[PDB]
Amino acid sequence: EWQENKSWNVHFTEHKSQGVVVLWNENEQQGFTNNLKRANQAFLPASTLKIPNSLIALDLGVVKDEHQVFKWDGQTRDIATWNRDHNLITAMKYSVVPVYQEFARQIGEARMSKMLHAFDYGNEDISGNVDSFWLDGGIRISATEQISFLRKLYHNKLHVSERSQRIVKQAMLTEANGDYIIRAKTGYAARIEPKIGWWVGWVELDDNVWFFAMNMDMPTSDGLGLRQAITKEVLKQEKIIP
């Protein structure tokens, strides 16, 4: 069904980068990618896992609502945006590990793992857990599998309450203007080679939705902004955004 579009590769090669973008046109039920093999290659999810972990935290009542404040413990960590109070909205915006580590302590490895499987979120890998259970959830996930999960979230079809799904979609809000809305989540799997950056989400237009999932080789946090830039170059080429 899927269509390969190798002309998107220039957006990667212009930035001396290697990666994949996957797009799904919801109205047409049609997928597109620059590289079919890499679209199906599973990687550690890094902070893209915050989307399902937020659903779990809400649906178990670990997080009461998007307003609840998770106070800073006063310990100065390396990422300055972590050294402040957060709610679910801001914890997702700044990918605040200490906040989600606390969620995971309350959720527990057993509940987390079972609810992820109920979401059909990626698949367990031969390597098992390679860090802490909350950083990778014992799974790896491909770009096409991200799309399938996000489509379920969009349609409120995951096996958590509608409310939990609506709150997470709110927390995903990244950009909005008169032309489009982007709901998305970044990630950077930076501990184990190959180091991988992600951006996954969707673009809402007046009359359609375009799901996207991209990942790219990211040996250093220098090209982090290429995750969004390359994706947007594809979206612009396809006339999805101006």
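Don't overthink the numbering: it's just position in the shown sequence, from 1.
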> Would 36-44 or 201-209 have the larger average of its C-alpha temperature factors, as given in the entry?
Replying inline: 36-44
> Per the PDB record, is the mean Cα temperature factor higher over 114-122 or over 79-87?
Replying inline: 114-122
>> When the deposited Cα B-factors of this chain's modelled residues are ordered and cut into thirds, is residue 187 in the lowest, the middle or the highest one?
In response: lowest
> Among the chain's modelled residues, which third holds the C-alpha B-factor of residue 146?
Replying inline: lowest
> Considering only modelled residues of the same chain, in which third does the CA B-factor of residue 175 rank: lowest, middle or highest?
Replying inline: lowest
> Among the chain's modelled residues, which third holds the C-alpha B-factor of residue 154?
Replying inline: lowest
> Would the CA B-factor of residue 218 place it in the lowest, middle or highest third of its chain?
Replying inline: middle
